[PDB]
Structure formats: C-alpha cells, structure tokens
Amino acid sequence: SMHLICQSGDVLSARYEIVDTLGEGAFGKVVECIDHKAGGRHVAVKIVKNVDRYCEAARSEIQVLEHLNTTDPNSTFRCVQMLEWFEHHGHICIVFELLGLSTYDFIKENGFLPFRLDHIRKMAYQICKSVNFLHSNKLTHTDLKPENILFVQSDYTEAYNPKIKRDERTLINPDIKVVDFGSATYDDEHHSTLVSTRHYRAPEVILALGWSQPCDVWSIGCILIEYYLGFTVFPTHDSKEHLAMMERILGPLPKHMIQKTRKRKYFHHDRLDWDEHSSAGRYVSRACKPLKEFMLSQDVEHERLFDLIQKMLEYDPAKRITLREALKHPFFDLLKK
C-alpha cells in the first residue's frame, strides 16, 4: 500500500504536503514536501516500507541520528540533520533537511560524465572528514555509495562544449552531506555477515572475514574512482566475478585472507576458481585493467589521487589506510592555506 500514501498532493501528519519523489529504494522512498507548519519550507521525508527489516533499520537510523545530531548540532561533520519522525498509515516517516541531488543522480543526469578533479578533491575531503567523525564515535556506516552522498546544492551551469560535441553541466558548489544511517553499526553491536551495496563492498565482507571501520574506507575508494571516471569499476552482480574484477585491477588477493575465509566455493587450491578464457572471463579481461591504467592524465595531481585510492583499496583491512591518515594525504595539500 505504499503507492497509496506517497502521491503528489497527499498530506502527511496534518503538516507535510508531498510535492514529488526524490528517490526510491527497497526501503521505500524519499519525497520532497512542503512543511505547512514551518512557513512553507521544503523538506525531505523518508517513507519506510512496512516490512520488518526496514522498520528495524529505520528505528536504528533514528537512534544513530539523535546521537550524531546531538554531538554535532551544527553539522560541522556534514551528517544530514533529522528534524523529526512520525507514523502515517503504519509507515515510519523520517523528516530530514532538504538537500540537492545525490552525487549519483547528478552523474546520471549529466550522461554519466565524471566530476572535475578540483571538485573531487573537495568532495573527497568532506566525505573523509564526515565518515571519520563516525569512526571516532565507534560507528561504521557500511553502506557508503554515491546515492548516499548528497550535494547541499546541486545547481550547475550549462554550456555547449566543443571538445565533446555535447551540452555539459558544470557543478557550481560541490559541498556534500552523508545520509542513510539505517545500516550503521556500533562497535559493540552485532555485525551482520553481509553489508554494503555490492559494488562498494570490501573484500573482507565478501569473504565473510568480519568487518569494522576499514570497510567504509574501501567503499570510499570505490566512490572516488566513480567520481573520477563517471562509472563504477565493479559493474557486476556476482561475488566471484567481482573478486575476479578486483584481481585484474588490483592484483591477487592475499593468501592469508584466502585461507581464512569460510566461502570455499570461490576457491580452488587457494586461488580464485575463475576460468579467464570463459565468456565472462574474457569480458573481465577486456573491460577491467590495472588501476593506474584508468588515469586520464599523468599530471601529479591525478597521481596523488590514485595513490590515495590505491591505499584505500588495500585488500587487507588491517593494512588499509584509515580516514585519519587519509585526511593528511598530499592529494588534499591544495585545500590547505
């Protein structure tokens, strides 16, 4: 019955009038509303499916946000502000401040073109700062991806560009906020075996080795690559293929992780069980290639970004760079006076 309560013109809680849908998901949807009790200002309302797994996640999200918005009332660390929550026809609804497009939707609407490097540098710094704040408060997000990173303002200028014979959108302000804390997990809570959206999922997660803050760093690495290229480098829906893609881009998995995993089905004699001359094998070869071959320039600033990404995509989570270290990386030197 969600379709029946989330339409343009419906009024929620005698207050919020739905204008349009901002996004949809397995969880339910996010709608833009007019808040008639706050003078007509626009807000985002997340309407959660009335299904146990999503109700529990929504309840968990509300606890996490109460904590974060109380610790950082000014959003210095750029987590979205929750304004309130309520029930509407048995559905949990969470009201948030209204932001601009997700970084994913902006890329999508721009024909899957990447962001400019100077924007990426600022967005990356802000993502690392925001998530590091979570890591400093004993939390792991677990579901970082471009859909969950939103521009504060997604306005852009638009010009014909000769170089690419097409109209192109240039983002005006690249400031972001991090959203979606429904999967966020405290150090002392139960760690679900499966986390992250596949394309952003860390190798310790796929291998069911246990996970913790470093899995977020992996996700951020995947995000930065997508921002740079305009597409994901792990476009797959299959775990084994995904691991094969990693292997082509980053080299072989560490032995000790292969030996430790309970997912035997991927391996044979401690090597990935993957015929590189199969149909899917030839695809993985011709489409994927070593990480640095994706660089669009040899200019040092590009090299600095790729050095950071490479450190974020370290297989062994115990060795993977932390966000505290990442914030001091040379890629960010240009942001400092």
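What we label the rigid core is the largest C-alpha set whose atoms superpose within 1.5 Å from one form to the other. Note that residue numbering begins at 1 and tracks the sequence as displayed.
Rigid core superposition result in 7 other deposited structures of this protein, more deviant of 166 to 174, 179 to 187 by Cα: This comes out as 166 to 174, the stretch further from the shown form in 7 other deposited structures of this protein.
Between 122 to 130 and 152 to 160, larger RMS Cα displacement in 7 other deposited structures of this protein after core fit: Higher root mean square deviation of C-alphas in 7 other deposited structures of this protein is shown by 152 to 160.
Segment of higher mean CA temperature factor, 258 to 266 or 226 to 234: Between 226 to 234 and 258 to 266, it is 258 to 266 that shows the higher mean C-alpha B-factor.
Higher-scoring stretch by recorded Cα B factor average, 326 to 334 or 3 to 11: 3 to 11 has the higher mean C-alpha B-factor.
Residue with highest C-alpha B-factor in the PDB entry, from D275, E303, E32, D35: Max CA B-factor in the entry, restricted to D275, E303, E32, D35: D275.
Candidate set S219, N110, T140, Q81 [ranked by C-alpha B-factor, highest]: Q81 has the highest C-alpha B-factor of those listed.
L207 by Cα B-factor - lowest, middle or highest third of the modelled chain: It falls in the middle third of the chain.
Cα B factor band for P174 (lowest, middle or highest third within the chain): Middle third by C-alpha B-factor.
Where the record places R116 (Cα B-factor, split into thirds across the chain): It falls in the middle third of the chain.
Lowest, middle or highest third - CA B-factor, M312: As the PDB entry reports it, the C-alpha B-factor of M312 lands in the middle third of its chain.
Cα B factor band for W85 (lowest, middle or highest third within the chain): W85: CA B-factor falls in the middle third of its chain.
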